[PDB]
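One structure is given below, encoded as structure tokens.
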Protein chains: 2
Amino acid sequence: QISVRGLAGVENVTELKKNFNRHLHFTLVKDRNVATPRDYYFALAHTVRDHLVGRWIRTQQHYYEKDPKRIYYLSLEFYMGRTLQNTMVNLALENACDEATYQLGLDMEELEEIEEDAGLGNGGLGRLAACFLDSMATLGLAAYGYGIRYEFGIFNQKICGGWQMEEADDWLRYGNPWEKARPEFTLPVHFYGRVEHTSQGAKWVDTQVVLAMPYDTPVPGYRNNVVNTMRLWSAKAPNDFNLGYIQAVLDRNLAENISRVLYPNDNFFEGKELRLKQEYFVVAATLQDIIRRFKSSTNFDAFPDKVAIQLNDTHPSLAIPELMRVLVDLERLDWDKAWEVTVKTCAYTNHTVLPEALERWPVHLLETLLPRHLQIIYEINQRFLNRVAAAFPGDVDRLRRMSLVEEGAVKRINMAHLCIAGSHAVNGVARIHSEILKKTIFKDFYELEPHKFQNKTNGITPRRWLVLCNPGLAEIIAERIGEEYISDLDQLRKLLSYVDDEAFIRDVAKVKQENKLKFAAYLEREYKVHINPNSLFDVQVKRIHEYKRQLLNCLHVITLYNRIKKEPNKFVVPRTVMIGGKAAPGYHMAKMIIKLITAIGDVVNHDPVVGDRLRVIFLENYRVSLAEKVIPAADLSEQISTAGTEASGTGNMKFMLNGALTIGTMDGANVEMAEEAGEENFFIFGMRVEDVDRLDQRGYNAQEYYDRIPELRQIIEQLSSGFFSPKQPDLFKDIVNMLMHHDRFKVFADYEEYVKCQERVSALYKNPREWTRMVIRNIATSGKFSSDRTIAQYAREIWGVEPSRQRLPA
Amino acid sequence: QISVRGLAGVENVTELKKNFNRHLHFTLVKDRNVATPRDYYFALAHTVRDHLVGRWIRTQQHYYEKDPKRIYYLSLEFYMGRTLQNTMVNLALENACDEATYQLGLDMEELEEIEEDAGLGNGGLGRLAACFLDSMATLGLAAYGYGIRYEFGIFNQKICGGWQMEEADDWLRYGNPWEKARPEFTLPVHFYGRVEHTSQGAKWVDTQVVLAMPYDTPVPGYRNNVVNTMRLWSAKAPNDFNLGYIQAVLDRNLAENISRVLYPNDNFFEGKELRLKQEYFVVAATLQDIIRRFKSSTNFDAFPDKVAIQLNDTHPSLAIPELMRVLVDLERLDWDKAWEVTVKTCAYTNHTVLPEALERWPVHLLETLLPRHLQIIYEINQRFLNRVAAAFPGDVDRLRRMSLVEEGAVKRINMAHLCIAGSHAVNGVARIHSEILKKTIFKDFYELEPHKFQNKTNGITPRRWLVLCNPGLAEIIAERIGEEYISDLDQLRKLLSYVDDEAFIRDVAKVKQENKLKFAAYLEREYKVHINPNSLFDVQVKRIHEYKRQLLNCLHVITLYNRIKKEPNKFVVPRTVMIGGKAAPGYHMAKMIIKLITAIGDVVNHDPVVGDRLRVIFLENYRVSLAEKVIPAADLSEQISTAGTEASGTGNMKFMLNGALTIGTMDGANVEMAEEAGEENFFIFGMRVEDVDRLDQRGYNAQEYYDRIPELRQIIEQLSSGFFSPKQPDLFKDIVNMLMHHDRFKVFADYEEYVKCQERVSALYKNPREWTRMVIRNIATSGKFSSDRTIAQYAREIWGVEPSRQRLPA
Ligand SMILES: O=C(/N=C1/NC(=O)[C@]2(O[C@H](CO)[C@@H](O)[C@H](O)[C@H]2O)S1)c1ccccc1
Ligand SMILES: O=C(/N=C1/NC(=O)[C@]2(O[C@H](CO)[C@@H](O)[C@H](O)[C@H]2O)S1)c1ccccc1
Ligand SMILES: *Cc1c(COP(=O)(O)O)cnc(C)c1O
Ligand SMILES: *Cc1c(COP(=O)(O)O)cnc(C)c1O
């Protein structure tokens with residue numbers, strides 16, 4: 001149908017049709033009479049999968065022959081979403097499969113909706129890993145993603161009576177056609193036990209064993225015939241485990257619980273034993289696999305030349321002491337040589353400065369679970385602190401500040417400190433964040449080892465986040481500048497020479513209108529909710545958190561509503577305000593915020609005087625597949641975190657690429673987005689980092705804002721008095737109390753500027769032509785935020801490998 | 001190579017080779033360089049599976065169109081063993097696959113050894129279900145096996161220091177290529193809750209729900225293109241189950257434990273809640289599936305015309321009250337009509353008279369778990385006892401004897417009584433057993449309803465138990481009488497006219513010698529144990545149980561050893577005595593018997609004076625795949641249960657078919673085997689049922705035998721004094737105490753006759769020609785013991801359907 005979706009050749013369509021029928025018959029054991037719509041999805045999935053296999057085998061044998069330096073990306077989260085469409089896009093099969101399925105009397109888009117999201121992540125951190133895998137494959141790097149195959153991913157969110165309810169995401173129910181179990185590479189992982197000191201060295205004995213069974217999932221690069229591997233480990237009990245008889249077999253579940261469920265917390269450290277087991281499990285299995293692959297190319301001097309290990313935050317930080325353990329205890333290297341190898345192999349990425357997110361493990365837990373690792377951590381700490389003491393003699397407070405061991409009521413290991421000590425590179429994920437690391441939380445470490453600290457601004461893959469989710473936009477762009485931009489996103493700059501092109505302006509606006517109509521329909525079909533597609537689509541989708549300030553958006557919404565009620569016959573630009581995202585199950589305030597949003601919707605959406613001028617919708621079960629639908633439909637992107645709290649953000653980049661304008665604070669990557677597009681083409685408001693610091697020095701007093709802003713006072717009085725909860729007048733008392741007395745994120749301080757900035761948004765939306773021209777200026781300068789750029793920088797500046805767009809033979 | 005294994009045509013071999021390479025590439029994602037031997041097995045398995053699919057689909061659509069009466073065989077056990085070779089045999093692909101794999105540089109028999117047994121049964125009861133499925137398919141019946149897909153089957157037995165150790169049988173580790181998950185037919189199963197009485201009727205409310213997910217496995221008939229289905233249910237928690245968050249997800253394991261593990265008991269009732277849950281789980285899911293299929297052909301008068309339900313013992317007896325529940329509570333039929341339908345639909349097979357095997361469920365368990373079923377059982381009991389009272393007025397003791405409810409310290413439901421009341425047919429599994437049922441434990445029921453009681457003598461499938469495991473014998477038979485006997489085993493009678501044929505005698509003996517050499521090699525390879533292949537192979541393989549009297553065999557072995565030690569320079573016929581079988585994990589005496597057998601081996605096998613004249617080997621991990629190896633190798637079959645205890649036996653029939661002579665008591669099917677072959681061609685010894693009864697009336701005094709038999713006294717003194725356990729002199733004190741004071745199975749009473757009979761065995765073995773002629777007379781009269789005969793009888797006399805050998809189109 002459209003060019004960017006590839007050719008629909010006669011032979012390929014014919015071959016796809018017969019392979020589809022082959023899988024329906026032989027693989028699914030059905031015929032067309034009893035075939036369910038899900039059967040048709042699986043037949044298509046297997047058919048597309050067949051086209052991956054040759055390239056997958058060829059890629060991996062190519063790496064075996066050439067023996068390039070291997071990149072190992074260790075993460076507890078990989079938020080992959082759906083795989084079918086992405087695979088077709090990257091193999092240039094989308095039009096062929098569409099034609100083939102159409103000829104068999106099936107709608108391919110309907111089949112695509114049957115696939116479950118692989119929701120093995122919470123949000124930005126997990127999705128970044130996913131985008132990164134795509135870019136590493138597209139850039140021809142010998143890269144492997146290593147993680148845990150959770151039986152249950154992020155929970156499905158149901159809204160009941162305006163409240164979040166969680167239900168288990170049983171994503172493997174119907175099977176996963178994309179993965180291949182590799183039981184032959186099953187490896188043992190040890191827990192508990194004790195350390196014995198022999199004449200030869202330390203030995204870790206009397207351990208409990210859990211098996212790690214790998215499942216491999218293909219990661220196709222964009223039309224370069226590269227197919228890399230994501231290897232996810234599943235926990236298995238050994239056959240002699242606990243070996244009355246029946247109970248012993250049933251107790252195998254204990255060992256296998258390690259890979260059962262993803263911890264559902266975003267930017268929050270929960271110091272539970274099961275989480276620690278997961279962290280060691282992935283690290284121990286992965287490192288054995290790495291070393292096996294290295295040996296099968298004795299001399300570990302070359303280890304850092306052939307291996308790079310990227311730690312996705314501190315979650316896999318045990319790789320550092322585990323690598324030391326293997327090198328010292330098993331391979332019998334001397335400490336100093338092992339440490340050199342470890343440091344040169346490992347690099348660490350920090351993703352947040354929020355103090356509640358930092359991993360600080362109780363010593364007593366490590367003592368019991370990983371006794372040898374604790375000993376190694378103590379030794380690392382002693383040698384590291386000796387270096388600090390020699391560099392800064394007499395500075396005893398520096399020693400205690402930099403220690404891996406935090407003293408106190410309960411002693412804890414600071415895993416960030418461990419990572420910095422044991423890595424040759426430490427990076428933040430946006431320029432402002434990386435500077436904050438050097439000036440605040442890692443200041444001492446930067447002073448000791450400045451060369452170690454880098455920036456790598458985050459990015460998103462333009463395959464999933466433009467071509468896949470917004471084919472209409474990708475097409476009208478391709479008509480002007482060709483298709484090269486899909487793997488070279490900087491070429492979008494060529495679109496600046498079309499900002500005054502009348503045809504292009506009309507096409508850009510038409511694509512957005514189409515996306516909005518399609519999404520408005522989706523809302524009525526799958527959720528029976530009615531919206532005006534001519535309204536400004538005002539969207540905030542991301543995890544629910546105080547720092548992200550969904551509450552500030554809520555205050556604006558209520559302000560708009562109150563202004564309409566005061567002057568009902570005055571014209572206002574119609575808006576559909578959409579907010580979506582999951583709250584961590586134990587995060588009370590986040591759950592209260594969800595309830596507030598739905599309660600506002602209940603009032604606003606049923607007020608006859610408002611009409612269809614203001615609608616407030618909570619988007620249920622926000623996830624990657626929903627992001628692919630809503631982001632192309634958005635006019636306005638809400639990126640309104642308190643300055644200094646959002647390390648980067650990546651949703652911001654997705655919206656910019658898809659033709660939404662951004663209202664936001666100078667936080668995370670918003671700073672660089674504004675710099676790229678020009679501040680005149682961004683709706684910037686609010687305190688800068690420096691303003692937040694000044695307010696903190698003086699003391700944040702929310703009462704002052706309440707006293708001086710009448711519109712704000714009215715809203716707080718409405719909340720307190722039960723205007724939005726008639727039958728439960730005190731329902732939102734916790735929210736009001738927090739805002740007035742314990743608001744860490746200064747919602748009131750940015751309220752006035754936010755509301756004024758929102759008026760400037762509405763003003764511009766009244767002039768479609770100039771709105772669209774500003775949009776073109778955003779899309780045109782979004783190139784920097786391709787994860788291809790990000791990964792090229794990791795490759796050159798951290799891993800020491802050169803990327804390549806050279807294709808492998810098909 | 002050999003005729004009975006089918007044609008190896010050029011096209012078929014070519015097509016098999018390319019499909020093998022296709023699966024290796026696309027399905028296993030490997031090439032020949034990194035392909036493990038297990039990968040080659042799976043490629044072959046998938047290739048063979050492809051040839052099943054067309055026939056499977058065609059068979060099931062044929063049943064949908066013709067709408068025959070459907071046979072539903074409900075069992076908690078299906079002991080299937082391996083599937084690859086059986087599938088090839090039944091599809092006539094064995095030679096083609098052998099040729100194809102040979103041309104690819106692979107040994108097919110080596111690949112066959114990689115397949116795990118599907119060990120979803122304990123022994124005879126489970127294996128009978130397996131043989132039955134094969135015969136139902138071969139006889140063209142629209143039959144479905146329904147059971148539980150246990151994650152763990154019967155444990156693997158390891159012998160450590162002469163003791164049984166159990167390890168989990170993780171049979172699904174590498175995947176199961178034969179099964180197809182059918183998540184689309186997932187059904188809810190209810191537990192706990194309470195009964196509410198409305199104006200409309202009873203309602204079962206506030207229940208906990210577990211989901212039953214079916215997996216379908218194909219069951220091919222012998223070269224008739226029929227492929228039937230075995231549907232096994234797996235337990236799944238619903239997604240809202242227990243919905244802190246993490247613990248709620250982890251607690252899903254509780255619900256899913258229902259299908260986790262097979263209860264490892266043979267002929268023993270263990271009244272545990274988990275077992276009761278398994279029993280209801282299979283029944284509830286199956287009945288919904290049956291009713292669904294019946295409705296999709298309102299009026300339940302025709303239900304018994306279109307449905308037969310065969311209860312494999314009382315384990316699925318809850319089908320009776322469940323069917324009543326559905327018909328009365330949900331379909332709103334009046335009680336009397338529902339009962340008529342239920343009785344005409346259900347038939348019950350009893351498999352043992354051992355009192356410890358009979359299911360008697362505590363009322364308090366049923367009360368809590370299945371409150372509505374208990375109410376229905378009470379109502380059934382009241383109406384049944386009213387009939388008894390009208391038939392036998394004043395006979396109050398009969399009423400209490402026949403009651404479904406047993407009064408006492410704990411009230412119990414007798415499930416056998418429930419089954420008799422609610423079935424139109426009740427059968428035993430061998431003539432002597434069925435007569436014992438009518439004379440003893442079901443005497444009262446036979447007097448009330450004599451027409452209900454039948455015999456169906458057990459059988460074995462000649463596909464697995466001759467053609468598959470003993471191709472050499474099948475071939476030399478086929479050379480004389482053709483191949484028709486494989487699905488018409490009575491034709492083996494034609495072999496009687498070859499009993500004086502010199503070529504046939506030599507061929508029969510040569511095949512046995514080959515089998516013995518092959519098995520002797522297997523012992524050295526996989527277990528590094530050395531044996532004389534010229535010795536008489538004396539084999540007792542079956543579950544370890546007191547009633548089976550492995551101990552009596554032990555006494556004979558020690559007698560032989562003692563006689564050799566007394567007269568070392570006298571000639572004796574050399575023997576290799578092989579005993580194998582698993583003990584139930586909680587069965588102390590059975591575990592002591594295993595230890596005794598190994599302890600005897602330790603003494604006998606290392607005594608220089610014995611030499612290679614006597615060897616005692618314990619065959620570790622006896623299972624279906626091992627039976628397929630050892631049974632063809634055997635000369636003498638030990639079937640030596642105390643008269644009246646082995647309901648039928650089926651191992652006995654396997655040995656008869658494979659050219660072993662039988663030493664045995666007149667118990668179970670041994671009686672009919674002797675009758676078929678002629679008593680002169682069987683080594684019959686010991687008490688008959690009537691002799692056991694006379695001894696019981698008088699009182700069994702083991703001391704009397706000890707006092708009057710010096711050779712027996714010597715053995716008991718050896719056991720007691722520590723001759724077979726030097727470092728642990730009192731190790732076998734429990735065994736001696738049991739034999740002398742608490743022997744339910746009268747081991748000493750048959751000792752003298754057993755030993756004398758064993759001398760007659762040795763005497764005949766000295767004359768190879770006459771030994772072989774007696775063997776021919778056994779093989780020739782083994783036809784009655786084909787499960788095809790058994791199933792034809794069930795079909796005509798119980799289910800009301802006609803079997804057929806007519807082929808379906810390929
Ligand atoms: O740091 C955590 N989660 C994050 N989630 C994110 O989205 C963060 O990483 C993204 C990718 O770098 C950033 O864009 C985002 O700003 C940051 O909050 S960091 C975290 C911390 C502890 C446990 C689980 C997750
Ligand atoms: O009856 C049980 N087991 C049996 N196992 C057998 O092998 C029996 O059935 C066979 C098939 O009919 C008979 O050949 C055998 O004699 C009998 O013991 S009965 C049983 C009883 C309770 C729980 C589990 C199993
Ligand atoms: C991109 C993405 C995120 C991250 O969004 P932010 O606005 O940067 O927090 C979270 N969830 C999903 C499903 C995403 O696709
Ligand atoms: C046939 C068979 C049995 C039953 O043997 P009996 O001697 O009748 O108890 C038990 N186990 C296996 C593995 C079998 O094949």
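Atom set for the values below is all heavy atoms of this structure, side chains included, hydrogens, waters and symmetry mates excluded. Protein chains get the first letters and strands the later ones, always in sequence-line order, with residue 1 at the start of each. We count ligands from 1, going down the list as the structure has it; atoms in each ligand are counted the same way.
- For ligand 3, the atoms sitting less than 4.0 Å from at least one non-hydrogen atom of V624(A) are 13 (C), numbered in the order shown with element in parentheses.
- Ligand 3 has no nitrogen or oxygen under 3.5 angstrom from a nitrogen or oxygen of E646(A).
- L311(A) contributes atom CG, which lies 9.0 Å from atom CG of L418(A) (distance to the nearest 0.5 angstrom).
- Annotation for ligand 3: atoms under 4.0 Å from non-hydrogen atoms of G123(A) are 10 (C), 11 (N).
- Between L76(B) and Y150(B), some side-chain heavy-atom pair lies under the 4.5 Å cut-off.
- Of the listed options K654(A), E638(A), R464(A), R127(A), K654(A) places a heavy atom closest to atom 2 (C) of ligand 3.
- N122(A) and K582(A) share no side-chain donor-acceptor pair at under 3.5 Å.
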**Request:** Could you walk me through whether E270(A) and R275(A) pass the salt bridge (charged side-chain N to carboxylate O under 4.0 Å, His left out) test, one step at a time?
**Result:** CA-CA 8 Å; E270(A) 200 180 346; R275(A) 174 63 169 201; over 6 Å; no
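- Ring pair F268(B)/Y587(B): centre-to-centre distance not below 6.0 Å.
- Considering only heavy atoms from C-beta on, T642(A) comes within 4.5 Å of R549(A) through its side chain.
- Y622(A) CE2, 3.7 Å is the protein heavy atom nearest to atom 12 (C) of ligand 3.
- The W465(A) neighbourhood of ligand 3 comprises atoms 15 (O), with distances under 4.0 Å to a heavy atom of that residue.
- Distances shorter than 4.0 angstrom do not occur between any heavy atom of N122(A) and any atom of ligand 3.
- Residue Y622(A) holds its OH atom at 12.0 Å from NZ of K629(A), rounded to the nearest 0.5 Å.
- Of the N and O atoms on the side chains of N427(A) and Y794(A), at least one donor lies less than 3.5 Å from an acceptor on the other residue.
- Looking at heavy atoms from C-beta onward, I460(A) lies in side-chain contact with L657(A) at the 4.5 angstrom threshold.
- Residue contacts with ligand 3 leave out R543(A), since none of its heavy atoms falls under 4.0 Å from the ligand.
- Below 30°, between 30° and 60°, or above 60°: for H545(B) and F745(B) the angle between ring planes is above 60°, a perpendicular geometry.
- Counting atoms of ligand 3 from 1 in the listed order, those under 4.0 Å from a heavy atom of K548(A) are 9 (O).
- The distance between the ring centers of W465(A) and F655(A) does not fall below 6.0 angstrom.
- Residue contact check: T650(A) has heavy atoms under 4.0 Å from atoms 1 (C), 4 (C), 8 (O) of ligand 3.
- Distances below 4.0 Å separate heavy atoms of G649(A) from the following atoms of ligand 3: 8 (O).
- With distances taken over non-hydrogen atoms, the option nearest atom 6 (P) of ligand 3 out of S641(A), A669(A), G651(A), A130(A) is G651(A).
- Those atoms of ligand 3 that come under 4.0 Å of a heavy atom in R623(A), given as number and element, are 13 (C).
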Just the distances, no angles: every ligand 2 N or O to protein N or O pair closer than 3.5 Å, one line each.
from	atom 1	to	atom 2	distance (Å)
ligand 2	3 (N)	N267(B)	N	3.4
ligand 2	5 (N)	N267(B)	ND2	3.4
ligand 2	7 (O)	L125(B)	N	3.4
ligand 2	12 (O)	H351(B)	ND1	2.7
ligand 2	12 (O)	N458(B)	OD1	2.8
ligand 2	14 (O)	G649(B)	N	2.9
ligand 2	16 (O)	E646(B)	OE2	2.7
ligand 2	16 (O)	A647(B)	N	3.3
ligand 2	16 (O)	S648(B)	N	3.2
ligand 2	16 (O)	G649(B)	N	3.2
ligand 2	18 (O)	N267(B)	OD1	3.2
ligand 2	18 (O)	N267(B)	ND2	3.2
ligand 2	18 (O)	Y547(B)	OH	3.0
ligand 2	18 (O)	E646(B)	OE2	3.3

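- Ligand-side atoms of ligand 3 in range of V541(A): 7 (O), range being under 4.0 angstrom from any heavy atom.
- Two residues are said to be in side-chain contact when any heavy atoms from C-beta on lie closer than 4.5 Å; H433(B) and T352(B) fail this criterion.
- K277(A) has its side chain out of reach of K272(A): every pair of non-hydrogen atoms, C-beta onward, lies at least 4.5 Å apart.
- A distance-only check finds no donor-acceptor pair linking the side chain of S637(B) to the backbone of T662(B) [under 3.5 Å].
- Of all the heavy atoms of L626(A), none lies under 4.0 Å from any atom of ligand 3, so neither backbone nor side chain is involved.
- Taking a 4.0 Å cut-off on heavy atoms, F655(A) fails to register as neighbouring ligand 3.
- The protein atom (non-hydrogen) at minimum distance from atom 7 (O) of ligand 3 is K542(A) NZ, 2.7 Å.
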